[PDB]
């Protein structure tokens, strides 16, 4: 059974700058409802600081994967557990600011 997931790209502040249309099946929003908002805006209040701190650390981890689990508000206003696996990318031919690539999976908290 294929887990339901979609990819996103964020600036280092957490703002969605690219959203894969698989998000509609995973969380119910159109990409345009996510683009330009901070992922923290969709995060349960108990998990917000964790998710902020995860974005802050993934840039210190030399491009390695950092995972975080948190509750994401779906378009139906319900809390879905998500496991986001993120890592930074920087094109080595450039000195452009790195950005963060995430894969966002709906998972069980069991």
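Residue numbers count along the first chain shown, from 1.
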Decide which of the stretches 29 to 37 and 43 to 51 has the higher mean C-alpha B-factor, going by the entry. 29 to 37
Which has higher Cα B-factors on average according to the PDB entry: 53 to 61 or 66 to 74? 53 to 61
Residue 2: CA B-factor among chain residues, third -> highest
Lowest, middle or highest third: which one holds residue 97 when the chain's residues are ordered by CA B-factor from the entry? highest
Looking at the C-alpha B-factor of residue 110, is it in the lowest, middle or highest third of its chain? highest
